[PDB]
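Enquirer: Experimental structure and sequence below.
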There are 2 protein chains.
Amino acid sequence: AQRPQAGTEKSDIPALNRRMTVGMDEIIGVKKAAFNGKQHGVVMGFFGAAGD
Amino acid sequence: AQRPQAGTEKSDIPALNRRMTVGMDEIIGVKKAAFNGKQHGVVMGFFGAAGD
């Protein structure tokens, strides 16, 4: 919905540069494809990894 | 480190001039000259002032 955009602000007094804030903002949504209660394109697999 | 500088701000709404703040800022350091635990150029003297 919105690409990440940046912006800055002079907070306390713009003449007496005592404070400044930078920031970034985003509108996005991520979801796994699901139809009729089923995974659309993923096969999950569980294996025993010992981690030695 | 910084001479005293002044600045102003329109706080609440810049259109509806309901509030304003002025201010002044400074960076400075003051210290008596001391070398090897001794006063460099002062001789302190204590006298009895009655204050009548």
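Expert: All right, it came through fine. Residues are numbered from 1 along each chain as shown, chains lettered A, B, ... in the order given.

Enquirer: Which residue does chain A have closest to chain B?
Expert: residue A:15 (2.9 Å; Cβ to the nearest Cβ). Any C-beta I mention is one placed from the backbone N, CA and C, and that applies to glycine too.

Enquirer: mind listing the helices in chain A by residue range?
Expert: Here chain A has no helices by DSSP state H.

Enquirer: Could you list the residues of chain A in contact with chain B?
Expert: Proximity of chain A to chain B, by Cβ under 8 Å from any Cβ of the partner chain, involves residues A:13, A:14, A:15, A:16, A:18.

Enquirer: beta partners for the first one?
Expert: When assigned by DSSP bridges, residue A:13 has beta-bridge partners residue A:17.

Enquirer: so it makes contact with residue B:22?
Expert: No - taking contacts as Cβ atoms under 8 Å, residue A:13 lies outside contact range of residue B:22: 9.1 Å.
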